[PDB]
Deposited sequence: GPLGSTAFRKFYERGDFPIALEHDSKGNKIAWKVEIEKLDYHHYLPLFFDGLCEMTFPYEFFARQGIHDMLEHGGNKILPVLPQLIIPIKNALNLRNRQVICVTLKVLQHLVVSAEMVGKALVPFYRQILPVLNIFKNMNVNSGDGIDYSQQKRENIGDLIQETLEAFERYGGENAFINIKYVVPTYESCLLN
């Protein structure tokens, strides 16, 4: 939030602060594949909290492109994303939760093994969903099923421990 806003105004923000009239794409000043994700990916995840235009547009578009094109750069940075994900979800804001769950869905298919490496952090990130469980209720279910699907053998029970009402058939 405040950290993302400082980031946004710096020269080393890797996205060009321009709008092209043809479309809504973002233009990268620096090639994604040359960014050290250890530095840049946590900063973009810092902006999950952001709801103010134009910061939130660039936070969201930035996260998406970095997940889409991260390849093998994403998993090594997973440990540094837990605290930003947790801080965003724990605001208890429905709009932030909705965008964060869609981001998490993208994260677990972003690269191989990311879903499984997420399992030990379930207890840090899933609790607030119990406030919002069964629109957000359907999104929570769809997101938990994504986690289970790419989380390997130990996923279901660990989801169920934190989300006791969780049932699924996949």
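- Comparing the deposited sequence with the modelled residues, the stretches lacking C-alpha coordinates are 1 to 4, 139 to 155, 192 to 193.
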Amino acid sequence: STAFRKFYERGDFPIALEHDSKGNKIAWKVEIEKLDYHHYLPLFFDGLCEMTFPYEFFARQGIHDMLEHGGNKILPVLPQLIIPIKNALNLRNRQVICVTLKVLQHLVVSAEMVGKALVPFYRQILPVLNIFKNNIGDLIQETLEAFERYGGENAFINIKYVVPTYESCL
From here on, numbers count along this sequence of modelled residues.
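- If you average the C-alpha B-factors over 37 to 45 and over 135 to 143, the higher value belongs to 135 to 143.
- Ranked by Cα temperature factor within the chain, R94 sits in the highest third according to the deposited record.
- When the CA B factors of the chain's modelled residues are split into thirds, the value for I159 lands in the middle one.
- Among all modelled residues in its chain, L107 ranks in the lowest third by Cα B-factor.
- Ranked against the other modelled residues of its chain, the C-alpha B-factor of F121 as given in the entry falls in the middle third.
- In the PDB entry, a CA B factor belonging to the highest third of its chain's modelled residues is recorded for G152.
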